[PDB]
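Structure first, then comments.
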Amino acid sequence: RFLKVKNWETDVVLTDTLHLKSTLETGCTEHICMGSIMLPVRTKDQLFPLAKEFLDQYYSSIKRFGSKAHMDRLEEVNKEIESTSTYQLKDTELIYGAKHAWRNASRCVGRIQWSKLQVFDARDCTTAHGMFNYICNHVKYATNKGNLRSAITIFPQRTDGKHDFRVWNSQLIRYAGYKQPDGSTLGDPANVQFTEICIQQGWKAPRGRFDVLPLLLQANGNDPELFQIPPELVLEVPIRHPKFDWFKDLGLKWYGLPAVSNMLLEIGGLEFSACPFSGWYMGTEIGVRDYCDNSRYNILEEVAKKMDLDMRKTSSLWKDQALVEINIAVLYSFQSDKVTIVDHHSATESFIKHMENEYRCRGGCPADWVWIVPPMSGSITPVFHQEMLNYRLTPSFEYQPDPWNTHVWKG
Amino acid sequence: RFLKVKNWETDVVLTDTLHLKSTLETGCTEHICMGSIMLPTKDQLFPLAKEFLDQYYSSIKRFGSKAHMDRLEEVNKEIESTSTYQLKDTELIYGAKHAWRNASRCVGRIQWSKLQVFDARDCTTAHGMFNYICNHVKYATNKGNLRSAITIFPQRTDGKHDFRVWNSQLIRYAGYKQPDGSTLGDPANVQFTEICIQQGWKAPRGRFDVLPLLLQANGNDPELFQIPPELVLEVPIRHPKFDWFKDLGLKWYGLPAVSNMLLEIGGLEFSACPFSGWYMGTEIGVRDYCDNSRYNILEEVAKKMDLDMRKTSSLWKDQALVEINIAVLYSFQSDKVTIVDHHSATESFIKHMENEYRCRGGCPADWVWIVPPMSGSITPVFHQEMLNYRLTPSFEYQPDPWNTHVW
Ligand code: HEM
Ligand code: HEM
Ligand SMILES: C[C@H](O)[C@H](O)[C@H]1CNc2nc(N)[nH]c(=O)c2N1
Ligand SMILES: C[C@H](O)[C@H](O)[C@H]1CNc2nc(N)[nH]c(=O)c2N1
Ligand SMILES: N=C(CO)NCCC[C@H](N)C(=O)O
Ligand SMILES: N=C(CO)NCCC[C@H](N)C(=O)O
Ligand SMILES: [Zn+2]
C-alpha cells in the first residue's frame, strides 16, 4: 500500500512505501489521534528476530545482501545469542546503527546531516571516571572551538537491567535551577529536580542564574558519581542585539553545544541506555523555548519593558514583538562569536529538501509535524505547509524513565 | 481506554472519557499517525438517528422518558415509511450547536452555545437561497458587532437534489491569472473565479473584488447573485505607527463565513449550511496576507520597512510578519469590527477545554489546527496535549460541486 503526502504551498505530492517497514506502535488508533501527546530485560525469544531484521538492513545498505559474509554473520550472532543470551555489534554495524537512529528520528529537523556523524565507541568503558573522560573528549571534539561537529558517544549496552550505564543529566551541558523559599526560581526551572539531586550528592552550587551543572554518571549499575566538566571545554555565548545596546545588560548567555544525554539508542534489539549525542542549535530552541517559555527563563516581560512596547493589551502583540528581537539577538550573538547555529528558515528549507530526497531514495521520511514546525512564525516556514507521516523505524532513539526513579541505591 | 492529557506549562492533567463515544475514524492506525494530513440506507439511518435522539433526550434530562420513546418510535416509523425523517426545530438547533461544539479544528468553541440558527429548510430555489444568505450576512455582521450564525438549507434526499453554495466562503475576493504569468487578487480562488466568469459574471479584474454567490437549489444548475455591497463590511488596513502602510492598499472583509462544508445531524446530511463567527487576527494577517500562495505580501512590507533582506537570519520575514498582524488587529479595532488576537483566543480555548473536561468528559481538539500559525509556543495551546477524535453531530468536508455536478 502506497500513501500520499501533499505540500499545500507547492502541490508537490510524495508517495510513502517506507511506512510498510514500521513495527513499533504510534499511540494512535482508528478512533483516536495521539499525535500531540509528548510521551505516548529482553529475552533470547524476541532478540534474534530483532538482530536478523537489523543485519538484513545493514547487509542491504552495503550491497552484500545474501552474501556469504551476511550469512556467516547471522549464524555467528545466532550462536552468540542462544549461548551468551545477547550479542556484540561489529564497529561498522554500530556506526551504521547510530546514523540510522538519527535518520529515523521523526522529531529531528536537522536530519539532512544524518550521514555526517562522528561515532565514539565507548563500549570498553567500565567506571564513572571512564565515562567522564569519554564525555570530555566528546565535548571537546564536538565543540571544535565553535565550528561544531555532530557526535555521539556510546557506552556499553544493557545486559540484565541491573548493570545499566546512564548519564543522569538530561543534557551534557545545562544550567542549574534553584527553587527559592519565596517560591521564585533562580536559574533554569527545567533543571530544579536534577540540580537538587546534585546538591544532595554533594555538589557545591554557586547559586547563580547560569551555573553549568556537574555531570552525574552511572557506570555498570553502580551509584552515580559527580564530576565537573572543565570550564575551558564549555563554550558559551554572551547574548547581545545588533541594534539594542541595553540587550547585553539583561545578563543573558547560552552554551553552544546542545547534547541530549538521557535517551536510549536501540540497534538490532540491543539497548544502549547511555548514548549522549550532539549537533548544533537552531536559534528558536534558545530564543523561543529556553528564553521565553513561561516555565523556563521567561524573559518576555523584562525585554518588552526595555523596548517600551504597549503592554496593557495583548492585541498590541508586544509578546510577539519582543520574541522576534530576542531571536534576532540569539542568532547575531552566535554568528558574531563564530559558533555554529542555524535559523529556522534555513533549517526548515533544508529539511524539506532532505525529506523529498528521502522519499525518492528511501521510499519515505517519517516526520512528526508537531515537533518539526518551529515554535515561532510557523506558517512562514515551508514545513507548516507540508503533510507528514509519522511512524517508528528501528534503529531508533527512545525515551526512558529518569534514572532516579528506577535506580536501586547501593549506599 | 481512560486517557490523560497533560499541559506541560502548568502541569494540569485532564482525563478523557468522551473519546469512548467516538463514532467516525481518524485516518490514523497503530502503525502510522496521519495527524498532519488535511483531508484524512434505511438500515444505516436508524442507528444514526437513535444515537442522536438518545444524546438529545439526555441533554434535556429526559433520557428514557415516554416522550423519548415516543419520538424514537415516530422517527423509526418515518424512516420505514419515507426512508428519511425530519428533525424538530429543537433537535435541529441542538444538532447545529453540537456540530460546532465537536469541531476539533475550531479554536473559537468557547462560544459554542451562542449560535443563532436560521432554519432555511423551507427554501426551494436559488433566489430563495440568496435571500436567506443576505439575511444571514446582515444579521451576523450587525454593523461590526458580529454574532455567530448558521443558515441550514434542505437535507440531502436522493443526492440528485442537493442544495449547495458553490463558494467556499460567503464573502471572498476573486483571483485572476494574467498574461504576466502572475496572479491578480486571491490565488486560492482562481478556479472558482473562472467558473463565475464562465457562468457570466463581469469581473472588475481588481485585487479585492468580492465574488458573486453561485447558488444551487434542489440539484439544479447554480445561479449568480451579487451581495449588496452595503451588506459586505470591509476594513482598510493601516498601521498605528507606520504611515506608509495604507499605501499598500490592503483591505479585508469582516465576516468569515465558511459555506462549503456538510453538516451531519442524526444521519441526515445538510450539504448547504454556511456558518460564520468572527476572525482571529492571524487568519488574515499571517495566512491570507503572508502565505506564499496567498496575497504573499511579506517582501513588499519588508522593503517598506527597510530591513536587511539579504539573509534569512536577520529574521526580516518574522519582523514584517508581526507588524502586518499588528496592523490587521489595529484596523478592525479602530473600525469597531469584532476580531480576536491569537493570545486572547487560545487563552479562551484552554478555559473552554477545562470546562468541557469537567462538564462533558473531554474535548476533541486538533493541535495542528489549534496552534496559531505565528508565535506558537508563546500561546498556551502549544503546551497543551490534545486528543483528536470525531463526534457527531459534525461538520465534514465534501467534494467541490463542479466535479460532482451534472450540468
Ligand atoms: C546537526 C544539527 C542538528 C540540528 C540543527 C537538530 C535540530 C533539532 C531540533 C530543533 C530538535 C527539537 C529539539 C527540541 O524541541 O527540544 C531536534 C530533536 C532531535 N534530534 Fe536533532 N538536530 C541536529 C542533530 C542531531 C543529532 C546529531 C542527533 C542524534 C544523532 C539528533 C537526534 C535528534 C532527536 C532524537 C531529537 C528528538 C529529541 C527529543 O524527543 O527530545 N539530532 N533536532
Ligand atoms: C465566534 C468566533 C469563532 C472563532 C474566533 C473561530 C475560530 C476558528 C479558527 C481560527 C479556525 C481555523 C480556520 C482556518 O485556519 O482556516 C476555525 C475553524 C473552524 N471553525 Fe471556528 N471560530 C468561530 C466560530 C465558528 C462557528 C460559528 C462555527 C460553526 C457553527 C465554527 C466551526 C469551525 C469549523 C468547522 C472549522 C474548521 C473548518 C475547516 O476545517 O476548514 N466556528 N475556527
Ligand atoms: C503538547 C505538545 O505536544 C508539546 O508542547 C510539544 C509541541 N511541539 C514541540 N516541538 C518541539 N520541537 N519541542 C517540544 O518540546 C514541543 N513540545
Ligand atoms: C499540512 C498541514 O496539515 C496544513 O498546513 C495545516 C497546518 N495547520 C493549519 N491550521 C489551521 N488553523 N489552518 C490551516 O489551514 C492549517 N493548515
Ligand atoms: N539542536 C539540537 C541537537 O543538535 N537540539 C537538541 C535539544 C536542545 C534543546 N531544545 C535545548 O534548547 O537545549
Ligand atoms: N474565524 C473563522 C470562522 O468564524 N474562520 C473561518 C475560516 C476563515 C479563513 N481562515 C479565512 O482566513 O478567511
Ligand atoms: Zn495520529
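Just so we're on the same page: first chain in the C-alpha cells is A, next is B, and so on; residues restart at 1 for each chain, and ligands are numbered from 1 in the order they show up.
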Dump as a Markdown table the rows for residues of chain A within 10 Å of ligand 4: closest atom pair and distance in Å with one decimal, only C-alpha atoms and all ligand atoms counted, ordered by chain and rising residue number.
| residue | atom | partner | partner_atom_place_in_ligand_line | distance |
| --- | --- | --- | --- | --- |
| A:5 | CA | ligand 4 | 1 (C) | 8.6 |
| A:6 | CA | ligand 4 | 1 (C) | 7.4 |
| A:7 | CA | ligand 4 | 1 (C) | 6.5 |
| A:8 | CA | ligand 4 | 5 (O) | 6.4 |
| A:9 | CA | ligand 4 | 5 (O) | 8.3 |
| A:369 | CA | ligand 4 | 2 (C) | 8.1 |
| A:370 | CA | ligand 4 | 7 (C) | 9.5 |
| A:373 | CA | ligand 4 | 7 (C) | 9.4 |
| A:378 | CA | ligand 4 | 8 (N) | 9.0 |
| A:379 | CA | ligand 4 | 5 (O) | 7.5 |
| A:382 | CA | ligand 4 | 5 (O) | 9.0 |
| A:383 | CA | ligand 4 | 1 (C) | 7.7 |
| A:384 | CA | ligand 4 | 5 (O) | 4.9 |
| A:385 | CA | ligand 4 | 5 (O) | 3.6 |
| A:386 | CA | ligand 4 | 1 (C) | 4.4 |
| A:387 | CA | ligand 4 | 1 (C) | 4.0 |
| A:388 | CA | ligand 4 | 1 (C) | 7.2 |
Residue selection dump (N, CA and C atoms) as a CSV table (one decimal), in the first residue's frame:
chain,number,residue,atom,x,y,z
A,5,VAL,N,1.5,12.2,0.5
A,5,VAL,CA,1.5,13.4,1.3
A,5,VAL,C,1.7,14.5,0.3
A,6,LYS,N,1.0,15.6,0.5
A,6,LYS,CA,0.9,16.8,-0.3
A,6,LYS,C,1.5,18.0,0.4
A,7,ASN,N,2.2,18.9,-0.3
A,7,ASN,CA,2.6,20.2,0.2
A,7,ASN,C,1.5,21.1,-0.4
A,8,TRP,N,0.9,21.9,0.5
A,8,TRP,CA,-0.2,22.8,0.1
A,8,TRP,C,0.2,24.1,-0.4
A,9,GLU,N,1.5,24.4,-0.3
A,9,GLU,CA,2.1,25.6,-0.9
A,9,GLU,C,2.5,25.3,-2.4
A,369,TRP,N,5.1,16.3,12.6
A,369,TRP,CA,4.8,17.7,12.3
A,369,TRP,C,4.8,18.6,13.6
A,370,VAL,N,4.1,18.1,14.6
A,370,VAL,CA,4.0,18.8,15.9
A,370,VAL,C,5.4,19.4,16.4
A,373,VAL,N,7.6,21.7,12.9
A,373,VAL,CA,7.3,23.1,12.7
A,373,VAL,C,7.8,23.9,13.9
A,378,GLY,N,5.4,29.8,12.5
A,378,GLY,CA,5.2,28.5,11.9
A,378,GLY,C,4.9,28.5,10.4
A,379,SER,N,3.8,29.3,10.0
A,379,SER,CA,3.4,29.2,8.6
A,379,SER,C,4.2,30.0,7.6
A,382,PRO,N,8.5,26.5,5.3
A,382,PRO,CA,7.8,25.6,4.4
A,382,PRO,C,7.2,24.3,5.0
A,383,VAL,N,7.8,23.9,6.2
A,383,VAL,CA,7.3,22.7,6.9
A,383,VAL,C,5.8,22.7,7.3
A,384,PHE,N,5.3,23.9,7.7
A,384,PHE,CA,4.0,24.1,8.2
A,384,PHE,C,3.0,23.6,7.2
A,385,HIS,N,3.3,23.8,5.9
A,385,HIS,CA,2.5,23.5,4.7
A,385,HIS,C,2.7,22.1,4.1
A,386,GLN,N,3.6,21.4,4.7
A,386,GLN,CA,4.0,20.0,4.3
A,386,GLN,C,3.2,19.0,5.1
A,387,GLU,N,2.4,18.2,4.5
A,387,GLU,CA,1.9,17.0,5.2
A,387,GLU,C,3.0,16.0,5.4
A,388,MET,N,2.9,15.2,6.5
A,388,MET,CA,4.0,14.4,7.0
A,388,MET,C,3.3,13.1,7.5
Shell of 10 Å around ligand 6 (only C-alpha atoms and all ligand atoms), written as a PyMOL selection string: chain B and resi 106-109+146-149+168-169+171-173+252-259+275-289+339-340
Residue list for chain A near chain B as a list in words, 6 Å, only C-alpha atoms: residues 9, 25, 26, 28, 29, 30, 31, 32, 33, 34, 35, 36, 37, 295, 315, 343, 375, 376, 377, 378, 379, 387, 389, 390 and 391 of chain A
Would you list the contacts of residue B:88 as a compact mmCIF listing (two decimals) with C-alpha atoms, in the first residue's frame, taking every protein, DNA or RNA residue within 12 Å and counting only C-alpha atoms, but skipping same-chain residues closer than 3 positions in sequence?
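Final output, result-v4.txt:
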# COMPACT_ATOMS: atom_id res chain seq x y z
CA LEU B 53 -32.03 11.29 19.75
CA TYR B 56 -30.66 14.93 22.70
CA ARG B 71 -40.05 10.21 19.43
CA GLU B 74 -42.12 8.14 15.46
CA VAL B 75 -38.76 8.62 13.70
CA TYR B 85 -37.04 11.81 8.63
CA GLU B 91 -33.27 18.95 17.56
CA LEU B 92 -32.01 20.97 14.60
CA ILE B 93 -30.76 23.76 16.85
CA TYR B 94 -29.24 21.29 19.36
CA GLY B 95 -27.56 19.45 16.49
CA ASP B 119 -33.90 27.30 9.60
CA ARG B 121 -35.40 24.02 5.22
CA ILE B 265 -27.06 15.52 12.32
CA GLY B 266 -28.59 12.14 13.29
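Contacts with ligand 5 are defined as any residue atom within 6 Å of a ligand atom, using only C-alpha atoms and all ligand atoms; the residues meeting this criterion are residues 258, 260, 278, 279, 280, 281, 282, 285, 286 and 290 of chain A.
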Option closest in space to ligand 2, from B:114, B:352, B:251, B:156 [counting only C-alpha atoms and all ligand atoms]: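 Counting only C-alpha atoms and all ligand atoms, the residue closest to ligand 2 is B:114.
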Helix (DSSP H, G or I) call set, DSSP backbone run, stretch 22-84 of chain B, as JSON, numbers by chain: {"B": [42, 43, 44, 45, 46, 47, 48, 49, 50, 51, 52, 53, 54, 55, 56, 57, 58, 59, 66, 67, 68, 69, 70, 71, 72, 73, 74, 75, 76, 77, 78, 79, 80, 81, 82]}
With N, CA and C atoms kept, could you save the residues just selected as a compact mmCIF listing (two decimals), in the first residue's frame?
# COMPACT_ATOMS: atom_id res chain seq x y z
N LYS B 42 -31.97 2.82 4.70
CA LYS B 42 -32.86 2.64 5.85
C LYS B 42 -32.12 2.00 7.04
N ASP B 43 -31.31 0.98 6.72
CA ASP B 43 -30.51 0.23 7.68
C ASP B 43 -29.45 1.11 8.34
N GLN B 44 -28.75 1.90 7.53
CA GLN B 44 -27.74 2.80 8.06
C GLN B 44 -28.36 3.89 8.93
N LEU B 45 -29.49 4.43 8.48
CA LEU B 45 -30.08 5.62 9.08
C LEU B 45 -30.65 5.47 10.49
N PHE B 46 -31.36 4.38 10.77
CA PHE B 46 -31.96 4.30 12.10
C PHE B 46 -30.96 4.29 13.29
N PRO B 47 -29.84 3.53 13.19
CA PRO B 47 -28.84 3.65 14.26
C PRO B 47 -28.36 5.09 14.48
N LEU B 48 -28.09 5.80 13.39
CA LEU B 48 -27.60 7.18 13.47
C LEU B 48 -28.64 8.09 14.12
N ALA B 49 -29.91 7.93 13.71
CA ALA B 49 -31.00 8.71 14.30
C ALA B 49 -31.13 8.39 15.80
N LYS B 50 -31.10 7.11 16.16
CA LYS B 50 -31.25 6.70 17.56
C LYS B 50 -30.15 7.27 18.44
N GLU B 51 -28.92 7.17 17.96
CA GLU B 51 -27.77 7.67 18.70
C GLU B 51 -27.92 9.17 18.97
N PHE B 52 -28.38 9.90 17.96
CA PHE B 52 -28.57 11.34 18.11
C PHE B 52 -29.70 11.66 19.10
N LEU B 53 -30.87 11.04 18.89
CA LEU B 53 -32.03 11.29 19.75
C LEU B 53 -31.74 10.95 21.20
N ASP B 54 -30.95 9.89 21.41
CA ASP B 54 -30.55 9.48 22.76
C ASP B 54 -29.74 10.61 23.40
N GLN B 55 -28.75 11.15 22.69
CA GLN B 55 -27.97 12.26 23.27
C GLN B 55 -28.82 13.53 23.44
N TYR B 56 -29.75 13.79 22.53
CA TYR B 56 -30.66 14.93 22.70
C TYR B 56 -31.53 14.81 23.96
N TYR B 57 -32.21 13.68 24.13
CA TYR B 57 -33.06 13.50 25.30
C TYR B 57 -32.29 13.42 26.61
N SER B 58 -31.04 12.98 26.52
CA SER B 58 -30.18 13.03 27.67
C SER B 58 -29.82 14.48 28.02
N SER B 59 -29.57 15.30 27.01
CA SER B 59 -29.20 16.71 27.22
C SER B 59 -30.29 17.54 27.90
N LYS B 66 -41.21 8.69 28.46
CA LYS B 66 -42.18 8.31 27.43
C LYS B 66 -42.00 9.17 26.17
N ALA B 67 -41.74 10.47 26.35
CA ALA B 67 -41.52 11.38 25.23
C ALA B 67 -40.24 11.05 24.41
N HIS B 68 -39.22 10.51 25.09
CA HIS B 68 -38.04 9.95 24.41
C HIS B 68 -38.45 8.72 23.55
N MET B 69 -39.13 7.75 24.16
CA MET B 69 -39.52 6.50 23.48
C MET B 69 -40.48 6.73 22.30
N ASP B 70 -41.44 7.65 22.55
CA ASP B 70 -42.41 8.08 21.56
C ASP B 70 -41.73 8.70 20.34
N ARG B 71 -40.75 9.57 20.56
CA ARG B 71 -40.05 10.21 19.43
C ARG B 71 -39.21 9.18 18.64
N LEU B 72 -38.54 8.28 19.36
CA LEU B 72 -37.75 7.20 18.74
C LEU B 72 -38.67 6.36 17.86
N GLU B 73 -39.84 6.04 18.40
CA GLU B 73 -40.88 5.31 17.71
C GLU B 73 -41.31 6.03 16.42
N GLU B 74 -41.58 7.32 16.55
CA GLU B 74 -42.12 8.14 15.46
C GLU B 74 -41.10 8.33 14.33
N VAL B 75 -39.82 8.46 14.69
CA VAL B 75 -38.76 8.62 13.70
C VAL B 75 -38.54 7.30 12.99
N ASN B 76 -38.52 6.24 13.79
CA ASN B 76 -38.44 4.90 13.28
C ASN B 76 -39.52 4.62 12.24
N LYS B 77 -40.75 4.99 12.57
CA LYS B 77 -41.89 4.76 11.69
C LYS B 77 -41.68 5.54 10.39
N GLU B 78 -41.11 6.74 10.51
CA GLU B 78 -40.96 7.66 9.39
C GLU B 78 -39.85 7.24 8.40
N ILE B 79 -38.75 6.70 8.93
CA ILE B 79 -37.68 6.12 8.12
C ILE B 79 -38.21 4.88 7.36
N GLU B 80 -38.87 3.98 8.08
CA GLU B 80 -39.51 2.82 7.47
C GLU B 80 -40.44 3.25 6.35
N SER B 81 -41.15 4.35 6.58
CA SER B 81 -42.18 4.80 5.66
C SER B 81 -41.62 5.60 4.50
N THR B 82 -40.76 6.56 4.82
CA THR B 82 -40.30 7.56 3.86
C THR B 82 -38.82 7.42 3.53
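Take the candidates A:60, A:357, A:23, A:350 and check each one against residue A:393 using only C-alpha atoms; the shortest distance goes to A:23.
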Test item, strand (DSSP E or B) assignment across stretch 88-261 of chain B, answer as a PyMOL selection string: chain B and resi 116-119+149-152+164-165+169+173+175-177+183-185+210+213-216+223-225+234-236+251-253+258
Nearest-residue call for residue A:44, choices A:396, A:85, A:220, A:405, using only C-alpha atoms: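 Among the listed residues, A:85 lies closest to residue A:44.
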Interatomic distance (Å, one decimal) between atom CA of residue B:394 and atom CA of residue B:101: 8.6 Å
Test item: residues no farther than 8 Å from ligand 1, counting only C-alpha atoms and all ligand atoms, as an MDAnalysis selection string: chainID A and resid 98:99 101:102 105:111 113:114 117 149:152 260 263 277:282 284:285 289 341:342 347 371:372 374 396:399
